[PDB]
Amino acid sequence: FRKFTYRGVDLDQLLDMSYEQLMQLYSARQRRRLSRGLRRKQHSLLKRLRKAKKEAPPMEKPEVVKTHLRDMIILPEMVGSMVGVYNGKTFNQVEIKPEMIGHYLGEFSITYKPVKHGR
Amino acid sequence: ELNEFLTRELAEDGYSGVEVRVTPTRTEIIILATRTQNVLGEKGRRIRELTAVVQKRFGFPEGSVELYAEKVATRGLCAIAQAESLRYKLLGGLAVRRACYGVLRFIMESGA
Amino acid sequence: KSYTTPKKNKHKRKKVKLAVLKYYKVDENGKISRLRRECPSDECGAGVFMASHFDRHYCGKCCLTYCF
Amino acid sequence: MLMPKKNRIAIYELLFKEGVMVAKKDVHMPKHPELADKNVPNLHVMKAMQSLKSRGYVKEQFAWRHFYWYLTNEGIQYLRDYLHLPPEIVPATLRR
Amino acid sequence: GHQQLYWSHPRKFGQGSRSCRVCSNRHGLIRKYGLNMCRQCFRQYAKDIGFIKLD
Amino acid sequence: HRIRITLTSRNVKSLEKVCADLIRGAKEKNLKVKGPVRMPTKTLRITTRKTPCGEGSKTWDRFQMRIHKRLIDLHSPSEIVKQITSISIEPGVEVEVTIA
RNA sequence: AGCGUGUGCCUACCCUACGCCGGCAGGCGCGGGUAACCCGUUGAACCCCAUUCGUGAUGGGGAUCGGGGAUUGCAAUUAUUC
RNA sequence: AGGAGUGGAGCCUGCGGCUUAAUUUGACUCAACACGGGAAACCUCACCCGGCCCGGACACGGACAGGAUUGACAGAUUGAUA
């Protein structure tokens, strides 16, 4: 009888945390992923995936809305989003959780088809 | 770069390169050629047209650049001044067996 | 050679004839009964009209999104 | 292609007053290096001066990556007419 | 839409971001002394630059 | 009144000439002229593969572009030297005359 | 020690002393230098000097991997590099 | 003659094979194989799975200046502020 175990910050504490206390929570590989702040170029698509992060459908296994951004982070805000992470052939669909978090989407996607040797 | 670009145009008038000298707020850029009756066209016309050819591209002021031309002293010796001779005799369309032995004889004429 | 992907057209656009009859209303008097909104934009005077879309009215080149 | 019809004669003055002009070959240079008076990108300056090329009123010359214009004397009839300039006056390439 | 999605690479680093001054090829640029020249063209035209194999 | 006439040449026959001919002639005008100061060579070494492609053997070029610098010390106002300089100018040397 | 490089048409991205914060990579100020001038008197490494370990895969060996910590980048997960 | 080595071990990277949406390709005895100044996260980049501008110069003309075509945002789609 134990839940998901993060650092010392629960999922309600994760969902509602300011974006400068959030900077001192995950690894330096993920700190400087989200230290620089806002974006003005096509990287306003992460904003548009935050905008599409509020596409939480009614009580159901949630739908797959696609992301062609493998640099998109497993944010704890996202938890409850079936995801379309493209890998050159097939859009993967792995259900997300507090365990996944502080990691990139492209990790849980196989860009290269699994290798098997013949003769 | 300036040696490359002018060679694409001034091939017919016997291009040989430059005898260029730098002076304060003047430029003696000699286009030393072989036949300079069509480096001008109509009384220094194409020479006046060759001015802001060079001036504009490289970001130069006006008044400094001024472009002159002569005949090369014994013009049969400079190789690219006689590569023009085999360029517009083969582009003219004479067989290689004649248009060469004339210009090979032309340097035994010029005492090579 | 013959490809598998279905070949992709470019649409013959909605080109409009006899435009001035609908822009304003016709009138017996010297005035004209204005239907649409004028141009309060910064870049042009009074020549551009504002459209009749569903949600708001839209000027040509100012790119300003009004509401109800 | 779309141009400003205004910004065709921002190309034609510098062609006319001196009968030679320069432009670097590139697509992605919105501010033309010599002609910053009007906003004409390098790709639009290229396409404006290759419209006069094929009908043979200007002779196009090319160095490494650079456009050059030996404005032929057949281009003088059309560009005192269409540029609306007297037949007496000459460019700065016919000056003594 | 097309025009903003026409020059959308950050063109301030990489061999693709820079370009040759002679050939517009994206390999073998002499970035020593800012020659910025495709090595094949440098070889041919270094004679009239001043680079000469004295040793 | 230290004029510092920078003499940078690609060639030796002109670096010898321009430095000497602005002293050899400047002996007759009797002004306190000094000898040319030396600076060491800068051998601009660009070592390129001879082959355009990557095939054959690896025969490397060694393109050596040596550049030298001289300057001459003086006790002179500007105009006195200017009378001598612009007479008989040759293409080799870049004469950058310093006033101070 | 000795070759050497260093502020760029396009061109933005330089070399780094010295001073502050911090164990670290690194973060921040005032200056120099288009350079026999500034980094730099290039206090280079090896061996040299003296400690220590003891014939054992050990303190040889530094592969593979986990968690952090910054920089570079518009962004690095299929660890950039430290 | 001899020295240092290599082949032996682990890793770096070039090549073949197998795999793959694509695992781009040139080169195969000395005179292919840390070779293309190729140490490719992006560009480069060739290859692939997605989407655009025609950036089809110009000549002629059935059709055009009572309008040819053009670039221009909600929103359904969308990777998109295509």
# chains A, B, ... in the order shown; residues from 1 in each chain; ligands from 1
$ interface_residues --of "chain G" --to "chain A" --cutoff "12 Å" --atoms "only C-alpha atoms (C1' of nucleotides)" --output "ChimeraX atom specification"
/G:67-80
$ select_by_dssp --residues "region 8-102 of chain B" --states "alpha helix (DSSP H)" --output "VMD selection string"
chain B and resid 8 to 9 45 to 49 51 to 57 80 to 90 96 to 99 101 to 102
$ closest_atom_pairs --of "chain B" --to "chain E" --cutoff "10 Å" --atoms "only C-alpha atoms" --output "Markdown table"
| residue | atom | partner | partner_atom | distance |
| --- | --- | --- | --- | --- |
| B:1 | CA | E:45 | CA | 8.6 |
| B:3 | CA | E:48 | CA | 8.3 |
| B:4 | CA | E:45 | CA | 8.9 |
$ residues_around --residues "residue 104 (chain B)" --least-positions-apart "5" --cutoff "12 Å" --atoms "only C-alpha atoms (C1' of nucleotides)" --output "list in words"
residues 76, 77, 79, 82, 83, 85, 86, 96, 97, 98, 99, 109, 110, 111 and 112 of chain B
$ closest_atom_pairs --of "chain C" --to "chain H" --cutoff "8 Å" --atoms "only C-alpha atoms (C1' of nucleotides)" --output "JSON lines"
{"residue": "C:16", "atom": "CA", "partner": "H:67", "partner_atom": "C1'", "distance": 7.9}
{"residue": "C:17", "atom": "CA", "partner": "H:67", "partner_atom": "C1'", "distance": 7.1}
{"residue": "C:18", "atom": "CA", "partner": "H:66", "partner_atom": "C1'", "distance": 6.2}
{"residue": "C:55", "atom": "CA", "partner": "H:74", "partner_atom": "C1'", "distance": 7.9}
{"residue": "C:60", "atom": "CA", "partner": "H:72", "partner_atom": "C1'", "distance": 7.1}
{"residue": "C:61", "atom": "CA", "partner": "H:72", "partner_atom": "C1'", "distance": 6.7}
{"residue": "C:63", "atom": "CA", "partner": "H:73", "partner_atom": "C1'", "distance": 7.0}
{"residue": "C:65", "atom": "CA", "partner": "H:73", "partner_atom": "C1'", "distance": 6.9}
$ select_by_dssp --residues "chain B" --states "strand (DSSP E or B)" --output "ChimeraX atom specification"
/B:21-23,26-30,33,65-68,71
$ residues_around --residues "region 20-36 of chain B" --least-positions-apart "2" --cutoff "7 Å" --atoms "only C-alpha atoms (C1' of nucleotides)" --output "PyMOL selection string"
(chain B and resi 13-18+38-40+63-72+75+81) or (chain F and resi 90-91)
$ residues_around --residues "region 40-55 of chain G" --least-positions-apart "2" --cutoff "10 Å" --atoms "only C-alpha atoms (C1' of nucleotides)" --output "PDB file with N, CA, C and O atoms (P, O5', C5', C4', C3', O3' and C1' of nucleotides), in the first residue's frame"
ATOM      1  P     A G   1      61.491  28.648 -21.232  1.00  0.00           P
ATOM      2  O5'   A G   1      60.898  27.499 -22.164  1.00  0.00           O
ATOM      3  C5'   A G   1      60.685  27.684 -23.581  1.00  0.00           C
ATOM      4  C4'   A G   1      61.121  26.451 -24.336  1.00  0.00           C
ATOM      5  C3'   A G   1      60.697  26.391 -25.802  1.00  0.00           C
ATOM      6  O3'   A G   1      61.676  27.002 -26.638  1.00  0.00           O
ATOM      7  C1'   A G   1      60.033  24.403 -24.712  1.00  0.00           C
ATOM      8  P     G G   2      61.454  28.482 -27.227  1.00  0.00           P
ATOM      9  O5'   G G   2      60.991  28.206 -28.728  1.00  0.00           O
ATOM     10  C5'   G G   2      61.825  27.471 -29.648  1.00  0.00           C
ATOM     11  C4'   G G   2      60.988  26.627 -30.583  1.00  0.00           C
ATOM     12  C3'   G G   2      59.846  27.332 -31.298  1.00  0.00           C
ATOM     13  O3'   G G   2      60.282  28.078 -32.432  1.00  0.00           O
ATOM     14  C1'   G G   2      59.070  25.281 -30.419  1.00  0.00           C
ATOM     15  P     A G  17      42.998  33.122 -18.923  1.00  0.00           P
ATOM     16  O5'   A G  17      43.698  34.455 -18.405  1.00  0.00           O
ATOM     17  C5'   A G  17      45.133  34.554 -18.327  1.00  0.00           C
ATOM     18  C4'   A G  17      45.564  35.994 -18.173  1.00  0.00           C
ATOM     19  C3'   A G  17      45.340  36.623 -16.804  1.00  0.00           C
ATOM     20  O3'   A G  17      46.364  36.234 -15.894  1.00  0.00           O
ATOM     21  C1'   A G  17      44.721  38.149 -18.516  1.00  0.00           C
ATOM     22  P     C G  38      52.679  43.291 -24.031  1.00  0.00           P
ATOM     23  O5'   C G  38      51.182  42.773 -24.210  1.00  0.00           O
ATOM     24  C5'   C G  38      50.052  43.491 -23.674  1.00  0.00           C
ATOM     25  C4'   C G  38      48.808  42.631 -23.714  1.00  0.00           C
ATOM     26  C3'   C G  38      48.991  41.151 -23.415  1.00  0.00           C
ATOM     27  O3'   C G  38      49.103  40.920 -22.013  1.00  0.00           O
ATOM     28  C1'   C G  38      47.576  41.415 -25.295  1.00  0.00           C
ATOM     29  P     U G  58      42.614  -7.799  -7.634  1.00  0.00           P
ATOM     30  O5'   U G  58      43.712  -7.701  -6.485  1.00  0.00           O
ATOM     31  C5'   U G  58      43.545  -6.824  -5.362  1.00  0.00           C
ATOM     32  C4'   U G  58      44.533  -5.685  -5.433  1.00  0.00           C
ATOM     33  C3'   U G  58      44.155  -4.499  -6.302  1.00  0.00           C
ATOM     34  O3'   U G  58      43.144  -3.685  -5.709  1.00  0.00           O
ATOM     35  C1'   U G  58      46.489  -4.961  -6.456  1.00  0.00           C
ATOM     36  P     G G  59      42.256  -2.705  -6.620  1.00  0.00           P
ATOM     37  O5'   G G  59      43.258  -1.510  -6.946  1.00  0.00           O
ATOM     38  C5'   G G  59      43.669  -0.601  -5.908  1.00  0.00           C
ATOM     39  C4'   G G  59      44.534   0.510  -6.456  1.00  0.00           C
ATOM     40  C3'   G G  59      45.743   0.113  -7.300  1.00  0.00           C
ATOM     41  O3'   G G  59      46.021   1.136  -8.254  1.00  0.00           O
ATOM     42  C1'   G G  59      46.482   1.171  -5.325  1.00  0.00           C
TER      43        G G  59
END
$ atom_distance --atom1 "CA of residue 2 (chain E)" --atom2 "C1' of residue 51 (chain H)"
9.9 Å
$ closest_atom_pairs --of "chain B" --to "chain D" --cutoff "7 Å" --atoms "only C-alpha atoms" --output "JSON lines"
{"residue": "B:5", "atom": "CA", "partner": "D:63", "partner_atom": "CA", "distance": 4.9}
{"residue": "B:45", "atom": "CA", "partner": "D:94", "partner_atom": "CA", "distance": 6.9}
{"residue": "B:48", "atom": "CA", "partner": "D:93", "partner_atom": "CA", "distance": 5.8}
{"residue": "B:49", "atom": "CA", "partner": "D:93", "partner_atom": "CA", "distance": 6.0}
{"residue": "B:52", "atom": "CA", "partner": "D:20", "partner_atom": "CA", "distance": 6.3}
{"residue": "B:53", "atom": "CA", "partner": "D:20", "partner_atom": "CA", "distance": 6.3}
{"residue": "B:56", "atom": "CA", "partner": "D:22", "partner_atom": "CA", "distance": 6.3}
{"residue": "B:57", "atom": "CA", "partner": "D:22", "partner_atom": "CA", "distance": 5.7}
$ interface_residues --of "chain B" --to "chain G" --cutoff "12 Å" --atoms "only C-alpha atoms (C1' of nucleotides)" --output "ChimeraX atom specification"
/B:57-60
$ closest_residue --among "F:59, F:85, F:30, F:47" --to "chain B" --atoms "only C-alpha atoms"
F:85
$ atom_distance --atom1 "CA of residue 80 (chain D)" --atom2 "CA of residue 12 (chain D)"
10.9 Å
$ residues_around --residues "region 34-50 of chain H" --least-positions-apart "2" --cutoff "8 Å" --atoms "only C-alpha atoms (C1' of nucleotides)" --output "PDB file with C-alpha atoms (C1' of nucleotides), in the first residue's frame"
ATOM      1  CA  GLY A  88       9.529   7.810 -39.078  1.00  0.00           C
ATOM      2  CA  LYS A  89       7.102   4.835 -39.581  1.00  0.00           C
TER       3      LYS A  89
ATOM      4  CA  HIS E   9      16.823  26.977 -39.871  1.00  0.00           C
ATOM      5  CA  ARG E  11      21.584  29.882 -39.794  1.00  0.00           C
ATOM      6  CA  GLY E  14      27.054  24.378 -38.869  1.00  0.00           C
ATOM      7  CA  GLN E  15      28.798  23.733 -42.259  1.00  0.00           C
ATOM      8  CA  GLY E  16      25.285  23.951 -43.864  1.00  0.00           C
ATOM      9  CA  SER E  17      24.614  27.403 -42.237  1.00  0.00           C
ATOM     10  CA  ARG E  26      28.867  23.113 -47.878  1.00  0.00           C
ATOM     11  CA  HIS E  27      32.130  21.033 -47.456  1.00  0.00           C
ATOM     12  CA  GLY E  28      35.888  21.848 -47.111  1.00  0.00           C
ATOM     13  CA  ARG E  39      39.545  23.465 -50.820  1.00  0.00           C
TER      14      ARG E  39
ATOM     15  CA  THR F  48      45.499  21.159 -48.480  1.00  0.00           C
ATOM     16  CA  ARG F  49      45.130  17.657 -50.046  1.00  0.00           C
ATOM     17  CA  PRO F  52      39.636  17.078 -55.248  1.00  0.00           C
ATOM     18  CA  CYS F  53      38.163  13.571 -54.442  1.00  0.00           C
ATOM     19  CA  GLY F  54      39.320  11.234 -51.578  1.00  0.00           C
ATOM     20  CA  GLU F  55      40.960   8.566 -53.862  1.00  0.00           C
TER      21      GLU F  55
ATOM     22  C1'   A G  76      21.181  16.284 -27.273  1.00  0.00           C
ATOM     23  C1'   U G  80      27.228  16.121 -27.532  1.00  0.00           C
TER      24        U G  80
ATOM     25  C1'   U H  13      36.097   5.268 -36.062  1.00  0.00           C
ATOM     26  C1'   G H  14      36.302   3.564 -42.122  1.00  0.00           C
ATOM     27  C1'   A H  21      10.479   3.320 -43.515  1.00  0.00           C
ATOM     28  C1'   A H  22      15.679   5.121 -44.910  1.00  0.00           C
ATOM     29  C1'   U H  24      22.449   7.672 -48.897  1.00  0.00           C
ATOM     30  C1'   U H  25      26.784   7.029 -51.449  1.00  0.00           C
TER      31        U H  25
END
$ interface_residues --of "chain F" --to "chain G" --cutoff "12 Å" --atoms "only C-alpha atoms (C1' of nucleotides)" --output "VMD selection string"
chain F and resid 37 to 45 68 to 70
